[PDB]
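See below for coords_14.cif, which holds mmCIF, C-alpha atoms and all ligand atoms; chains and numbers go by the auth columns.
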```
data_data
#
loop_
_atom_site.group_PDB
_atom_site.id
_atom_site.type_symbol
_atom_site.label_atom_id
_atom_site.label_comp_id
_atom_site.label_asym_id
_atom_site.label_seq_id
_atom_site.Cartn_x
_atom_site.Cartn_y
_atom_site.Cartn_z
_atom_site.B_iso_or_equiv
_atom_site.auth_seq_id
_atom_site.auth_asym_id
ATOM 1 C CA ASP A 1 40.944 122.728 -68.787 0.00 1 A
ATOM 2 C CA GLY A 2 42.670 119.565 -67.635 0.00 2 A
ATOM 3 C CA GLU A 3 43.740 117.533 -70.630 0.00 3 A
ATOM 4 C CA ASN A 4 47.055 119.312 -70.924 0.00 4 A
ATOM 5 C CA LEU A 5 47.342 117.647 -67.562 0.00 5 A
ATOM 6 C CA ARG A 6 48.529 114.070 -67.171 0.00 6 A
ATOM 7 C CA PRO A 7 46.010 111.578 -65.744 0.00 7 A
ATOM 8 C CA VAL A 8 46.531 110.902 -62.031 0.00 8 A
ATOM 9 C CA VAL A 9 46.555 107.468 -60.397 0.00 9 A
ATOM 10 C CA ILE A 10 46.592 107.481 -56.595 0.00 10 A
ATOM 11 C CA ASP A 11 47.741 104.569 -54.443 0.00 11 A
ATOM 12 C CA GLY A 12 44.810 104.785 -52.030 0.00 12 A
ATOM 13 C CA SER A 13 46.239 102.293 -49.548 0.00 13 A
ATOM 14 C CA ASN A 14 49.645 103.995 -49.456 0.00 14 A
ATOM 15 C CA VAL A 15 48.173 107.469 -48.925 0.00 15 A
ATOM 16 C CA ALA A 16 45.749 106.211 -46.275 0.00 16 A
ATOM 17 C CA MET A 17 48.531 104.558 -44.269 0.00 17 A
ATOM 18 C CA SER A 18 50.759 107.614 -44.673 0.00 18 A
ATOM 19 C CA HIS A 19 48.178 110.088 -43.354 0.00 19 A
ATOM 20 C CA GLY A 20 47.477 110.332 -39.625 0.00 20 A
ATOM 21 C CA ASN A 21 48.506 107.259 -37.660 0.00 21 A
ATOM 22 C CA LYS A 22 50.989 105.121 -39.588 0.00 22 A
ATOM 23 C CA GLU A 23 49.118 102.060 -38.313 0.00 23 A
ATOM 24 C CA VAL A 24 45.638 103.229 -39.315 0.00 24 A
ATOM 25 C CA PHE A 25 43.918 103.252 -42.714 0.00 25 A
ATOM 26 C CA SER A 26 43.001 106.946 -42.737 0.00 26 A
ATOM 27 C CA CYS A 27 40.634 107.615 -45.635 0.00 27 A
ATOM 28 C CA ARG A 28 40.804 111.374 -45.036 0.00 28 A
ATOM 29 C CA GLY A 29 44.314 111.226 -46.473 0.00 29 A
ATOM 30 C CA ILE A 30 42.857 109.918 -49.719 0.00 30 A
ATOM 31 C CA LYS A 31 40.321 112.749 -49.788 0.00 31 A
ATOM 32 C CA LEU A 32 43.008 115.342 -49.051 0.00 32 A
ATOM 33 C CA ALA A 33 45.231 113.966 -51.812 0.00 33 A
ATOM 34 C CA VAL A 34 42.368 113.972 -54.316 0.00 34 A
ATOM 35 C CA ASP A 35 41.268 117.453 -53.235 0.00 35 A
ATOM 36 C CA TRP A 36 44.801 118.725 -53.840 0.00 36 A
ATOM 37 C CA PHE A 37 44.710 117.568 -57.459 0.00 37 A
ATOM 38 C CA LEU A 38 41.124 118.742 -57.960 0.00 38 A
ATOM 39 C CA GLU A 39 41.894 122.296 -56.832 0.00 39 A
ATOM 40 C CA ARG A 40 44.579 122.453 -59.526 0.00 40 A
ATOM 41 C CA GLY A 41 42.229 121.552 -62.369 0.00 41 A
ATOM 42 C CA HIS A 42 42.789 117.813 -62.779 0.00 42 A
ATOM 43 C CA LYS A 43 39.724 115.935 -64.033 0.00 43 A
ATOM 44 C CA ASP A 44 41.266 112.517 -64.659 0.00 44 A
ATOM 45 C CA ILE A 45 41.863 111.058 -61.198 0.00 45 A
ATOM 46 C CA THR A 46 41.675 107.384 -60.238 0.00 46 A
ATOM 47 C CA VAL A 47 42.104 105.966 -56.740 0.00 47 A
ATOM 48 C CA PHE A 48 42.726 102.239 -56.287 0.00 48 A
ATOM 49 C CA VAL A 49 41.702 100.618 -53.003 0.00 49 A
ATOM 50 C CA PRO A 50 41.221 96.884 -52.331 0.00 50 A
ATOM 51 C CA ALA A 51 37.547 95.901 -52.077 0.00 51 A
ATOM 52 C CA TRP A 52 37.927 94.298 -48.643 0.00 52 A
ATOM 53 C CA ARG A 53 38.520 97.758 -47.170 0.00 53 A
ATOM 54 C CA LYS A 54 34.739 98.260 -47.261 0.00 54 A
ATOM 55 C CA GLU A 55 34.524 95.811 -44.359 0.00 55 A
ATOM 56 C CA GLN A 56 34.173 97.228 -40.840 0.00 56 A
ATOM 57 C CA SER A 57 37.241 98.119 -38.768 0.00 57 A
ATOM 58 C CA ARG A 58 38.937 95.042 -37.306 0.00 58 A
ATOM 59 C CA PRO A 59 41.649 95.173 -34.606 0.00 59 A
ATOM 60 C CA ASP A 60 44.155 93.795 -37.135 0.00 60 A
ATOM 61 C CA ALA A 61 43.275 96.413 -39.757 0.00 61 A
ATOM 62 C CA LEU A 62 42.040 99.706 -38.304 0.00 62 A
ATOM 63 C CA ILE A 63 40.288 102.209 -40.574 0.00 63 A
ATOM 64 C CA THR A 64 38.685 105.626 -40.045 0.00 64 A
ATOM 65 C CA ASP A 65 36.043 107.593 -41.967 0.00 65 A
ATOM 66 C CA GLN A 66 35.057 104.759 -44.295 0.00 66 A
ATOM 67 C CA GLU A 67 32.221 106.746 -45.909 0.00 67 A
ATOM 68 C CA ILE A 68 34.730 108.659 -48.058 0.00 68 A
ATOM 69 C CA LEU A 69 35.561 105.517 -50.063 0.00 69 A
ATOM 70 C CA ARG A 70 32.000 105.019 -51.350 0.00 70 A
ATOM 71 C CA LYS A 71 31.543 108.775 -51.769 0.00 71 A
ATOM 72 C CA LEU A 72 34.630 108.904 -53.986 0.00 72 A
ATOM 73 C CA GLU A 73 33.341 105.833 -55.834 0.00 73 A
ATOM 74 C CA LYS A 74 30.014 107.505 -56.609 0.00 74 A
ATOM 75 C CA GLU A 75 32.005 110.516 -57.808 0.00 75 A
ATOM 76 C CA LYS A 76 33.675 108.155 -60.327 0.00 76 A
ATOM 77 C CA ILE A 77 37.082 108.814 -58.741 0.00 77 A
ATOM 78 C CA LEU A 78 37.653 105.710 -56.596 0.00 78 A
ATOM 79 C CA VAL A 79 37.833 102.165 -57.978 0.00 79 A
ATOM 80 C CA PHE A 80 37.868 98.985 -55.878 0.00 80 A
ATOM 81 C CA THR A 81 40.269 96.201 -56.857 0.00 81 A
ATOM 82 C CA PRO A 82 38.939 92.607 -56.654 0.00 82 A
ATOM 83 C CA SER A 83 39.114 90.555 -53.449 0.00 83 A
ATOM 84 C CA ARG A 84 37.170 87.628 -51.983 0.00 84 A
ATOM 85 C CA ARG A 85 37.097 84.883 -49.352 0.00 85 A
ATOM 86 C CA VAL A 86 37.744 81.298 -50.394 0.00 86 A
ATOM 87 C CA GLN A 87 37.667 78.499 -47.797 0.00 87 A
ATOM 88 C CA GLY A 88 37.817 80.923 -44.875 0.00 88 A
ATOM 89 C CA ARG A 89 40.850 82.761 -46.224 0.00 89 A
ATOM 90 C CA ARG A 90 41.076 86.193 -47.818 0.00 90 A
ATOM 91 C CA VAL A 91 42.418 86.374 -51.372 0.00 91 A
ATOM 92 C CA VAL A 92 43.561 89.779 -52.590 0.00 92 A
ATOM 93 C CA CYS A 93 44.486 90.749 -56.150 0.00 93 A
ATOM 94 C CA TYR A 94 47.616 92.920 -56.181 0.00 94 A
ATOM 95 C CA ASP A 95 46.227 96.463 -56.231 0.00 95 A
ATOM 96 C CA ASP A 96 49.738 97.759 -56.916 0.00 96 A
ATOM 97 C CA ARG A 97 49.587 96.036 -60.300 0.00 97 A
ATOM 98 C CA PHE A 98 46.313 97.829 -61.059 0.00 98 A
ATOM 99 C CA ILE A 99 47.945 101.130 -60.111 0.00 99 A
ATOM 100 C CA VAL A 100 51.060 100.656 -62.236 0.00 100 A
ATOM 101 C CA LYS A 101 49.272 99.228 -65.284 0.00 101 A
ATOM 102 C CA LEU A 102 46.553 101.896 -65.424 0.00 102 A
ATOM 103 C CA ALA A 103 48.989 104.786 -65.022 0.00 103 A
ATOM 104 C CA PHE A 104 51.410 103.306 -67.553 0.00 104 A
ATOM 105 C CA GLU A 105 48.737 102.707 -70.199 0.00 105 A
ATOM 106 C CA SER A 106 47.028 106.058 -69.623 0.00 106 A
ATOM 107 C CA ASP A 107 50.440 107.755 -69.750 0.00 107 A
ATOM 108 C CA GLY A 108 49.861 109.467 -66.415 0.00 108 A
ATOM 109 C CA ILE A 109 51.298 109.848 -62.925 0.00 109 A
ATOM 110 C CA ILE A 110 51.464 107.560 -59.881 0.00 110 A
ATOM 111 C CA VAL A 111 50.898 109.143 -56.471 0.00 111 A
ATOM 112 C CA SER A 112 52.653 106.943 -53.926 0.00 112 A
ATOM 113 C CA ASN A 113 55.668 106.582 -51.654 0.00 113 A
ATOM 114 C CA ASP A 114 55.884 102.936 -52.685 0.00 114 A
ATOM 115 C CA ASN A 115 58.505 102.188 -55.332 0.00 115 A
ATOM 116 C CA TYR A 116 56.923 99.007 -56.767 0.00 116 A
ATOM 117 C CA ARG A 117 60.335 97.582 -57.615 0.00 117 A
ATOM 118 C CA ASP A 118 59.148 93.968 -57.778 0.00 118 A
ATOM 119 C CA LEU A 119 56.905 94.993 -60.671 0.00 119 A
ATOM 120 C CA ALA A 120 59.705 97.158 -62.063 0.00 120 A
ATOM 121 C CA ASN A 121 62.034 94.155 -62.120 0.00 121 A
ATOM 122 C CA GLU A 122 59.310 92.153 -63.862 0.00 122 A
ATOM 123 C CA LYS A 123 58.850 94.547 -66.794 0.00 123 A
ATOM 124 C CA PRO A 124 61.567 96.941 -68.083 0.00 124 A
ATOM 125 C CA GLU A 125 59.048 99.387 -69.578 0.00 125 A
ATOM 126 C CA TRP A 126 57.347 99.573 -66.178 0.00 126 A
ATOM 127 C CA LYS A 127 60.649 100.299 -64.433 0.00 127 A
ATOM 128 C CA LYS A 128 61.375 103.180 -66.795 0.00 128 A
ATOM 129 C CA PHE A 129 57.835 104.515 -66.363 0.00 129 A
ATOM 130 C CA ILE A 130 57.956 104.367 -62.562 0.00 130 A
ATOM 131 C CA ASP A 131 61.389 106.026 -62.554 0.00 131 A
ATOM 132 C CA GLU A 132 60.014 108.953 -64.544 0.00 132 A
ATOM 133 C CA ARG A 133 56.415 109.228 -63.360 0.00 133 A
ATOM 134 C CA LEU A 134 56.325 108.485 -59.624 0.00 134 A
ATOM 135 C CA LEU A 135 55.137 111.394 -57.482 0.00 135 A
ATOM 136 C CA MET A 136 56.066 110.926 -53.830 0.00 136 A
ATOM 137 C CA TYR A 137 54.658 113.044 -51.004 0.00 137 A
ATOM 138 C CA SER A 138 54.686 114.043 -47.342 0.00 138 A
ATOM 139 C CA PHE A 139 51.896 114.661 -44.844 0.00 139 A
ATOM 140 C CA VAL A 140 51.991 117.474 -42.304 0.00 140 A
ATOM 141 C CA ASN A 141 48.748 116.760 -40.437 0.00 141 A
ATOM 142 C CA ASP A 142 45.977 117.432 -42.935 0.00 142 A
ATOM 143 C CA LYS A 143 48.395 119.162 -45.307 0.00 143 A
ATOM 144 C CA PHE A 144 49.262 117.247 -48.466 0.00 144 A
ATOM 145 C CA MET A 145 52.765 118.283 -49.535 0.00 145 A
ATOM 146 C CA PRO A 146 54.221 116.847 -52.758 0.00 146 A
ATOM 147 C CA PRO A 147 57.778 117.955 -53.688 0.00 147 A
ATOM 148 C CA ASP A 148 58.445 120.679 -56.262 0.00 148 A
ATOM 149 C CA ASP A 149 61.275 118.428 -57.451 0.00 149 A
ATOM 150 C CA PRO A 150 59.729 114.949 -58.031 0.00 150 A
ATOM 151 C CA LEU A 151 62.832 113.671 -59.873 0.00 151 A
ATOM 152 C CA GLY A 152 65.414 115.624 -57.893 0.00 152 A
ATOM 153 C CA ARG A 153 67.095 118.924 -58.699 0.00 153 A
ATOM 154 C CA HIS A 154 67.736 118.051 -62.350 0.00 154 A
ATOM 155 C CA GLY A 155 64.173 116.860 -62.838 0.00 155 A
ATOM 156 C CA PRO A 156 61.310 119.119 -63.909 0.00 156 A
ATOM 157 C CA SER A 157 59.201 121.326 -61.653 0.00 157 A
ATOM 158 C CA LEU A 158 56.092 119.846 -60.045 0.00 158 A
ATOM 159 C CA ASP A 159 53.958 122.099 -62.253 0.00 159 A
ATOM 160 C CA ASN A 160 55.496 120.790 -65.484 0.00 160 A
ATOM 161 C CA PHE A 161 55.592 117.260 -64.068 0.00 161 A
ATOM 162 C CA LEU A 162 51.797 117.108 -64.178 0.00 162 A
ATOM 163 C CA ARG A 163 51.470 118.440 -67.729 0.00 163 A
ATOM 164 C CA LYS A 164 51.695 116.584 -71.051 0.00 164 A
ATOM 165 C CA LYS A 165 53.202 119.709 -72.619 0.00 165 A
HETATM 166 MG MG MG B . 50.316 98.537 -52.147 0.00 1 B
HETATM 167 NA NA NA B . 47.705 106.129 -41.960 0.00 2 B
#
```
Once you've parsed the file, please lay out its structure as structure tokens.
Ligand SMILES: [Mg+2]
Ligand code: NA
Amino acid sequence: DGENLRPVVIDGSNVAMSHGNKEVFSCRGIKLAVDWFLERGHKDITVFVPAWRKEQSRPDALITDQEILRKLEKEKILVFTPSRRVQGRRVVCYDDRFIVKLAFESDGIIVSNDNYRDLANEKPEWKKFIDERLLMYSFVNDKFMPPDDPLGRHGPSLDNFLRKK
């Protein structure tokens, strides 16, 4: 029973960079984050990751355990944001905008340590949404630890934070 639960939108790139080495795109972090929400009963989970991350590990952009991305895609959970090469240069659509817009329109939660304040300054309704619906986190090795107080001490509990009740 997970439609008393708010839909969950995970910043795949943020979580990947947060987990393990802070200089490595660690896809296990994405799996661990998703698994944490799955074990609680969530059924509406979307992970946004730029499409160019499917490319093999380059020295500029290191990445581990790539197979998880496609696996999560086949499981309907992960969605790739558009990206392509024009005239020898990589063009990337702002995945952060996908994250914010989807979560806002689905009336859900954003899982990220990124504040997205450029987008917040762009649209007032987005700023208010982010202020009230951003779930930050911390990684202790393979342990995914979100705070019981997402909005501080006067905010709701983590349990009630994820419910539409
Ligand atoms: Mg980002
Ligand atoms: Na990382």
Compile a residue-level contact table for chain A against ligand NA 2 (chain B) at a cut-off of 12 Å, reporting for every qualifying residue the shortest atom pair and its distance in Å to one decimal, with all atoms listed in the file counted, rows ordered by chain and ascending number, as a tab-separated table.
```
residue	atom	partner	partner_atom	distance
A:12	CA	B:NA2	NA	10.6
A:13	CA	B:NA2	NA	8.6
A:14	CA	B:NA2	NA	8.0
A:15	CA	B:NA2	NA	7.1
A:16	CA	B:NA2	NA	4.7
A:17	CA	B:NA2	NA	2.9
A:18	CA	B:NA2	NA	4.3
A:19	CA	B:NA2	NA	4.2
A:20	CA	B:NA2	NA	4.8
A:21	CA	B:NA2	NA	4.5
A:22	CA	B:NA2	NA	4.2
A:23	CA	B:NA2	NA	5.6
A:24	CA	B:NA2	NA	4.4
A:25	CA	B:NA2	NA	4.8
A:26	CA	B:NA2	NA	4.8
A:27	CA	B:NA2	NA	8.1
A:28	CA	B:NA2	NA	9.2
A:29	CA	B:NA2	NA	7.6
A:30	CA	B:NA2	NA	9.9
A:61	CA	B:NA2	NA	10.9
A:62	CA	B:NA2	NA	9.3
A:63	CA	B:NA2	NA	8.5
A:64	CA	B:NA2	NA	9.2
A:65	CA	B:NA2	NA	11.8
A:138	CA	B:NA2	NA	11.8
A:139	CA	B:NA2	NA	9.9
A:141	CA	B:NA2	NA	10.8
A:142	CA	B:NA2	NA	11.5
```
Output check: residues returned by the PyMOL selection byres (((not hetatm)) within 10 of (chain B and resi 1)), as a PyMOL selection string: chain A and resi 11-15+48-50+94-99+112-116
Counting only C-alpha atoms, the residue of A:163, A:54, A:101, A:128 that sits nearest residue A:9: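 Once distances to residue A:9 are computed over only C-alpha atoms, the minimum belongs to A:101.
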When distances are computed from all atoms listed in the file, which of A:58, A:46, A:143, A:149 shows the smallest separation from residue A:80?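 Using all atoms listed in the file, the shortest distance to residue A:80 belongs to A:46.
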Across A:6, A:133, A:76, A:123, the smallest distance to residue A:42, with all atoms listed in the file counted, is shown by A:6
Quick one: distance from atom CA of residue A:35 to atom CA of residue A:126 in Å, one decimal?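 For atom CA of residue A:35 relative to atom CA of residue A:126, the distance reads 27.3 Å.
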Take atom CA of residue A:84 and atom CA of residue A:53 and report the distance between them in Å, one decimal. 11.3 Å
Have a look at atom CA of residue A:109 and atom CA of residue A:66 and let me know their distance in Å, one decimal.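 Answer for the atom CA of residue A:109 to atom CA of residue A:66 separation: 25.2 Å.
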